[PDB]
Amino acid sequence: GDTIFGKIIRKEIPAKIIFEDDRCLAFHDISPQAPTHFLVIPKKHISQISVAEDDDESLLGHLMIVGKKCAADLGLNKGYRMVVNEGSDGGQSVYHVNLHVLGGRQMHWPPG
């Protein structure tokens, strides 16, 4: 089923977009948990990482490379944390694969 991230990709509702290409979108999280907190999502609707296919490998890696480049562009030179949540225990809030990138503060351990 469609999600709010689908609406964002289709530009039906606003988001603060950081980067776009033909296969992904990066935008600031509406509920930021760090001074910088954005998401990188594929345009392909993969509901969750547990159902990602083998053929999706380089696309998932693309999310991480885009995330790393956006983090550098946003000035996160002291570092950052990347997170993917799966399901209930993972605290996944939207069933559209999304890579969190958080920084601008010390991230702590355990990671939730």
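Heads up: residue numbers just count along the shown sequence, starting at 1.
Student: Could you settle it for me: does 63 to 71 or 49 to 57 have the higher average Cα B factor in the PDB entry?
Tutor: According to the PDB entry, the answer is 49 to 57.
Student: Can you tell me whether 75 to 83 has a higher mean C-alpha B factor than 22 to 30 in this record, or the other way round?
Tutor: Per the deposited B-factors, the answer is 75 to 83.
Student: Where does the C-alpha B-factor of residue 13 rank in its chain, lowest, middle or highest third?
Tutor: Its C-alpha B-factor belongs to the highest third of this chain's values.
Student: Please say which third, lowest, middle or highest, residue 90 falls into when its CA temperature factor is compared across its chain.
Tutor: Bottom third by C-alpha B-factor.
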